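Novice:
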Amino acid sequence: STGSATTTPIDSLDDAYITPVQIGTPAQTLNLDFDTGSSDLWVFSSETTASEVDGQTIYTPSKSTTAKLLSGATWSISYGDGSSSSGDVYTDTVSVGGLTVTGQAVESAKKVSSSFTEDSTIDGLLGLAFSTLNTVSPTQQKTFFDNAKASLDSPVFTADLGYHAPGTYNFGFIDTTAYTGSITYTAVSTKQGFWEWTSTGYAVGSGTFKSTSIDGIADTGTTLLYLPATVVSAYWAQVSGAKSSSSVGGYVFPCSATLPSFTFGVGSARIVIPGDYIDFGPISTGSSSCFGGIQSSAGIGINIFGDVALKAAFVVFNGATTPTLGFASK
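According to the authors' numbering, the sequence shown is numbered sequentially starting from 1.
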């Protein structure tokens, strides 16, 4: 089997992407944030504290003839941005772009933190990291990809995120029309539960490539590109007036600037992030200070190849017995 679904930016900055997902019988369609950095499929629901729902579409398990309470199971998750959610668990039929999994754990939110409530466009998350990170207790649950894998024509999914435009998540096949040149594959460590890999270096603009190993994660659920402070300083030093602002929470730059590109290495290959992809607009409405799309990872503990990086590429998440990542230009 295969599936193919369009993913759409939630706003004019590409802060996140939503993909429609069919849950239950008859189908209830929710727009989920596909997140290769976590491993829980959770939704706003009829059980979510009413004051914490503000415009989201909810899953109502009592209206699904295929929903079953997963008795005793609870979940609770905290994300790198400080947001969180928790609740109980149902199993139900879940379909993405024509690919159907029966018996998928659908984690129903009883509580969500304010940033989720405040984002009316995201009805939940669909985790695509390794199932060892799933938070369901006392019986850990599998991701949608892990449950679908055996049925797929090939044990892969691909992320093709657009810049200010829709893109595609495919399951079970590699669309050879969706990229240019060849796909370069690189080793993955699953030891932390992430799609963790080592970039071979970077360049800023038209500058020379610096060969240096940068371990990080491919994370579709993180907006920006978080890299070591040395690398980020070298980038922003090329932008007149750019500075790190403790009050704003990262590097800012004059909105009048033209940003240089940023290149990252994948083995001997190179992925070029155009300068425009690194512009996240005014820090507050009407400001002439703009927020940078490349930020230091020094306070995180891990480097994160988020959407800023991934949307410059066609990305293969290869879930073979030894997982690997593939990157192609597009």
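The beta-carbon is built from N, C-alpha and C at its ideal position, and this holds for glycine as well.
#1: Where are the alpha helix (DSSP H) runs, 4 residues long or more, that stay fully inside the stretch 180 to 265, in chain order?
#2: Identify whether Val136 lies in helix, strand or coil by the three-state DSSP scheme.
#3: Would you identify the three-state DSSP class for residue 343, choosing helix, strand or coil?
#4: Would you grab the beta carbon distance between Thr7 and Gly267 for me? Rounded to a whole angstrom, and I think it's under 8 Å.
#5: Relative to the C-alpha of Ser297, which candidate in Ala16, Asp81, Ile10 has its C-alpha closest?
#6: Tell me which same chain residues have a C-beta within less than 7 Å of the C-beta of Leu310, skipping the five on either side of it?
#7: Could you check what DSSP says for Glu47 in three-state terms: helix, strand or coil?
#8: Closest to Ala328 by C-alpha separation, out of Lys149, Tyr226, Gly265, would be which residue?
#9: In whole angstroms, give me the CA-to-CA distance for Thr180 and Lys63.
#10: Return helix, strand or coil for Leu310, following the three-state DSSP convention.
#11: Comparing C-alpha positions only, which one of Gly326, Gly24, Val248, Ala320 sits nearest to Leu152?
#12: Assuming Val112 and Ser85 make a contact with CB atoms under 8 Å, what is their CB distance in whole Å?
#13: Is the stretch 15 to 24 close to the stretch 202 to 212, with three or more CB pairs under 8 Å?
#14: Tell me which residue opens and which closes the alpha helix (DSSP H) that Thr60 is part of.
#15: Express the C-alpha separation of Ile294 and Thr48 in angstroms, rounding to a whole number.
#16: Of the residues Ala16, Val316, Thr102, which one's Cα is nearest the Cα of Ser120?
#17: Give me, in chain order, the residues of the same chain whose beta-carbon lies closer than 6 Å to that of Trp197; leave out the 5 immediate sequence neighbours on both sides.
#18: Rounding to the nearest angstrom, what Cα-Cα distance links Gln192 and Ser182 in this structure?
#19: So, helix, strand or coil for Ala5, using DSSP?
#20: Excluding five sequence neighbours on each side, which residues of the same chain lie with their C-beta closer than 7 Å to the C-beta of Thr66?
#21: Take every Cβ of the stretch 237 to 247, pair it with every Cβ of the stretch 302 to 309, and state whether three or more of those distances are shorter than 8 Å.
#22: Cα separation between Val136 and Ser213?
#23: Whose CA, out of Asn31, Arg270, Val106, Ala234, lies closest to the CA of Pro260?
#24: Alpha carbon to alpha carbon, how far is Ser38 from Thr222?
#25: Exposed or buried, which one is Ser288 when buried takes at least 16 other CB atoms within 10 Å?
#26: Output yes or no for whether 9 Å exceeds the beta carbon distance between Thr258 and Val272.
#27: Find the nearest neighbour of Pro228 within the set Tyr202, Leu125, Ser4, judged by alpha-carbon distance.
#28: Please identify the residue among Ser284, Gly172, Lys330, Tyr251 whose C-alpha is closest to the C-alpha of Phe317.
#29: Start and end of the beta strand (DSSP E) containing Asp11?
#30: Quick check on the burial criterion: 16 or more other C-beta atoms within 10 angstroms. Buried or exposed for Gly55?
#31: From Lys142 to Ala5, what distance separates their C-alpha atoms?
#32: Should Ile300 go down as buried or exposed, given a rule of 16 or more other Cβ atoms within 10 Å for buried?
#33: Looking at C-alpha atoms only, which residue of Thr285, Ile10, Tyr163, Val315 is the closest neighbour of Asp123?
#34: Based on the DSSP output, what are the partners of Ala109 in its beta bridges?
Specialist: Put simply:
#1: 229 to 236
#2: coil
#3: With the chain covering only 1 through 330, there is no way to say anything about residue 343.
#4: Not really, about 26 Å apart at Cβ, beyond 8 Å.
#5: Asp81
#6: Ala159, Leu161, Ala218, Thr220
#7: coil
#8: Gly265
#9: 45 Å
#10: helix
#11: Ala320
#12: 4 Å
#13: no
#14: Premise fails: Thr60 is in no alpha helix (DSSP H) and is neither H nor E.
#15: 35 Å
#16: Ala16
#17: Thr186, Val188, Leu325
#18: 29 Å
#19: strand
#20: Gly24, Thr25, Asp92, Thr93
#21: no
#22: 34 Å
#23: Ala234
#24: 10 Å
#25: exposed
#26: no
#27: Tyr202
#28: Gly172
#29: Taken as a continuous stretch (DSSP letters only), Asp11 belongs to no beta strand (DSSP E), as it is neither H nor E.
#30: exposed
#31: 21 Å
#32: exposed
#33: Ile10
#34: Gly87
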